[PDB]
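Chemist: Take this structure, written in structure tokens, and hold onto it; I'll ask about it next.
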Amino acid sequence: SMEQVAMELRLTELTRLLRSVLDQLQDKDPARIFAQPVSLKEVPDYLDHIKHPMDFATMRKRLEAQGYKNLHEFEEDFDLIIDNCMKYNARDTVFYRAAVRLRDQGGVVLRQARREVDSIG
């Protein structure tokens, strides 16, 4: 149907906008602390602590499969990156501190992404 095509064009355009959002958020992590999944070989207890691991590469795979239906879904995954790090790692660590800075800086980007998603539809 033409209705299904129109819906798919909308998902494709959201995907474009979320790709640019993702690139902007990832630039706020120049250390690349959040680029890749936590290694279970290097942190074998990780899953005892963290139930839903998340990282930018995993978000990128979901994105390219057009697997985010709305901005809320994307934000949930970004929040997991931050929140997982802040639980596993202590306040005095470079990892925790990197997550705070990512969250603070990411806030700016996400605020305008929500306006653009509402504004464009």
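If you're wondering about the labels, chains in the structure tokens are A, B, ... by order shown, residues count from 1 in each chain, ligands from 1 in order shown.
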Could you list, with a cut-off of 10 Å and counting only C-alpha atoms, the residues of range 64-117 of chain A near range 14-17 of chain A, each shown with its nearest atom pair and the distance in Å rounded to one decimal, rows sorted by chain and ascending number, as JSON lines?

Modeler:
```
{"residue": "A:64", "atom": "CA", "partner": "A:15", "partner_atom": "CA", "distance": 7.6}
{"residue": "A:65", "atom": "CA", "partner": "A:15", "partner_atom": "CA", "distance": 9.2}
{"residue": "A:66", "atom": "CA", "partner": "A:15", "partner_atom": "CA", "distance": 6.2}
{"residue": "A:67", "atom": "CA", "partner": "A:15", "partner_atom": "CA", "distance": 8.6}
{"residue": "A:68", "atom": "CA", "partner": "A:15", "partner_atom": "CA", "distance": 7.5}
{"residue": "A:69", "atom": "CA", "partner": "A:14", "partner_atom": "CA", "distance": 8.0}
{"residue": "A:70", "atom": "CA", "partner": "A:14", "partner_atom": "CA", "distance": 7.4}
{"residue": "A:71", "atom": "CA", "partner": "A:14", "partner_atom": "CA", "distance": 8.2}
{"residue": "A:113", "atom": "CA", "partner": "A:17", "partner_atom": "CA", "distance": 7.9}
{"residue": "A:116", "atom": "CA", "partner": "A:17", "partner_atom": "CA", "distance": 8.6}
{"residue": "A:117", "atom": "CA", "partner": "A:14", "partner_atom": "CA", "distance": 7.5}
```

Chemist: Return as JSON, numbers by chain the full set of residues in chain A whose backbone-based DSSP assignment is alpha helix (DSSP H).

Modeler: {"A": [2, 3, 4, 5, 6, 7, 8, 9, 10, 11, 12, 13, 14, 15, 16, 17, 18, 19, 20, 21, 22, 23, 24, 25, 26, 46, 47, 48, 49, 56, 57, 58, 59, 60, 61, 62, 63, 64, 71, 72, 73, 74, 75, 76, 77, 78, 79, 80, 81, 82, 83, 84, 85, 86, 87, 88, 94, 95, 96, 97, 98, 99, 100, 101, 102, 103, 104, 105, 106, 107, 108, 109, 110, 111, 112, 113, 114, 115, 116, 117, 118, 119, 120]}

Chemist: Residues within 12 Å of residue 40 in chain A, please, as an NGL selection string. Count only C-alpha atoms; anything in the same chain fewer than 6 positions from it doesn't count.

Modeler: :A and (46-50 or 53)

Chemist: Could you check the closest approach to residue 30 in chain A for each of A:51, A:6, A:74, A:101 and tell me which residue wins, using only C-alpha atoms?

Modeler: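 The answer is A:101, which sits nearest to residue 30 in chain A.
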
Chemist: Restricting the calculation to only C-alpha atoms, which member of A:21, A:80, A:43, A:7 is positioned closest to residue 63 in chain A?

Modeler: A:21

Chemist: Could you check how far CA of residue 38 in chain A sits from CA of residue 59 in chain A, in Å to one decimal?

Modeler: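 Between CA of residue 38 in chain A and CA of residue 59 in chain A the gap works out to 13.6 Å.
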
Chemist: For each of A:5, A:95, A:82, A:60, take the minimum atom-to-atom distance to residue 20 in chain A, counting only C-alpha atoms, then give the residue where this is smallest.

Modeler: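 Of the candidates, the smallest distance to residue 20 in chain A is held by A:60.
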